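Report on the structure given below.
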Amino acid sequence: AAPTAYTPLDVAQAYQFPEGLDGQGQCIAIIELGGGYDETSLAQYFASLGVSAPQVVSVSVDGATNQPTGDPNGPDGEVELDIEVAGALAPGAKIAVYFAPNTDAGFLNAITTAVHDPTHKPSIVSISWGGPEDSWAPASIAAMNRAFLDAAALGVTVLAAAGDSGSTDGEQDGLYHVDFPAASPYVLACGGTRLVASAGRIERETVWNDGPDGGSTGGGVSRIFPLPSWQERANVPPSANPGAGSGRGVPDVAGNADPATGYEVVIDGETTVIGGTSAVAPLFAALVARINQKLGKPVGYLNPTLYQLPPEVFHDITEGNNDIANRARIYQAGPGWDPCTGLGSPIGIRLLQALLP
Ligand SMILES: [Ca+2]
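Under PDB author numbering, the first residue of the sequence shown is numbered 1, with each subsequent residue one higher.
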């Protein structure tokens, strides 16, 4: 009903992030195709939450640099949300922000640069930018997909927001579309939910869907990537598009994204609320950072493992749909994996326990 908001620490608590871990010794890389961040907002923010501020550094890719536009409603919102959510939850981690031109090659080069960076050596890459997989040049999808495969082989986890325009992903050709890079099978695709939670329990968690005007989580079935072997037990449905082909199901996991139960953040000096799947990648990047710290070695590519874990590791979202285009309710949430929320929201301490040697 009435819109609410949480600080990142409140959501981490709801998802039971493992205590006593802050990401020390880990570096989280965050990809950005526009805007920038200002030290004032970040300082004010971390101080407001009582956490020691992580070191944040910028990396220039193809001439692009950290350049805030000063508009709290522009890309500075994406850049600062990413750093504030990931940094508030893995404050001991080092954060490296890679700025690149907003072009197909810039996005690709930012990924390859971050993944192979011998200076910052990130173990995790968080991405909150994208586009309909069918709207990208095929050559770019192939190049970026190979870059994520390379990251997997190197032990670097790559997480990406699934989109904020529902099952149609903003296209109006009357067909359903999943977003890229989330569609890549080598990426931990992050969907979005409406979360009602307090420190001790989750009262309700449903698919984020605020209609055409408020946005909804991306999710569906890839028309490009075949169904992965490790995802064959998830009961991914065939595509809802005529032809009903089989394909990689999106997302893999999901977390709070509804702006109506959004994140309180400080953008360009303004205290406000932001949501979108954009917040989920940084949120779980912080979770992985804590897990890597405890394990003493990076988890790297997690998809295959996550899909073989027991039900206790996730909170199953079973209600809602991510259709903001028509009344067909494509696609719908349900028991088990679904094309709106994947395996659901992770229960941190249980995921960590499941990964302990
Ligand atoms: Ca479900």
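Using N, Cα and C, we set each Cβ at its ideal position, and we do this for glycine too.
The C-alpha of residue 71 lies about 9 Å from the C-alpha of residue 35.
Excluding the 5 residues flanking it on each side, residue 185 has same chain C-beta neighbours closer than 6 Å at 225, 228, 248, in chain order.
Look at the stretch 260-332 and you find these whole runs of alpha helix (DSSP H), each 4 residues long or longer: 280-295, 303-306. Residue 313 sits buried, since 16 or more C-beta atoms from the chains shown fall within 10 Å of its C-beta.
Residue 215 is not a Cβ neighbour of residue 178, given a cutoff of 8 Å.
DSSP places residue 161 outside any alpha helix (DSSP H); the residue lies instead in the beta strand (DSSP E), whose first and last residues are 157-161. By the Cβ criterion, the stretch 106-121 is in contact with the stretch 143-152, since at least three pairs of Cβ atoms, one from each stretch, lie closer than 8 Å. When the beta-carbon positions are compared, residue 192 and residue 134 stay at least 8 Å from each other. Look at residue 208: its beta carbon is at least 7 Å from all of the heavy atoms in ligand 1.
Distance from the C-beta of residue 317 to the nearest heavy atom of ligand 1 is below 7 Å. Two segments are said to touch when three or more pairs of C-beta atoms, one from each, lie closer than 8 Å; by this definition the stretch 291-310 does not touch the stretch 191-210. Here the C-alpha atom of residue 239 lies approximately 30 Å from the C-alpha atom of residue 102. Membership of residue 99 in the beta strand (DSSP E) is indicated by the continuous run 94-99.
Residue 269 and residue 255 have their alpha carbons spaced roughly 26 Å apart. Sequence-distant Cβ neighbours of residue 197 in its own chain, meaning closer than 7 Å and more than five residues away, are 14, 203.
The count of Cβ pairs closer than 8 Å, one atom from the stretch 119-128 and one from the stretch 318-333, stays below three, leaving the stretches out of contact. If you compare the alpha carbons of 7, 141, 104, 94 with that of residue 120, the shortest gap goes to 94. Its chain contains 178, 183, 247, 248 as the residues whose beta carbon lies nearer than 6 Å to that of residue 222, once the 5 sequence neighbours on both sides are disregarded; these appear in chain order. Beyond the five residues adjoining it in sequence on each side, residue 292 comes within less than 7 Å, by CB distance, of 26, 123, 298, 299 in the same chain, given in chain order.
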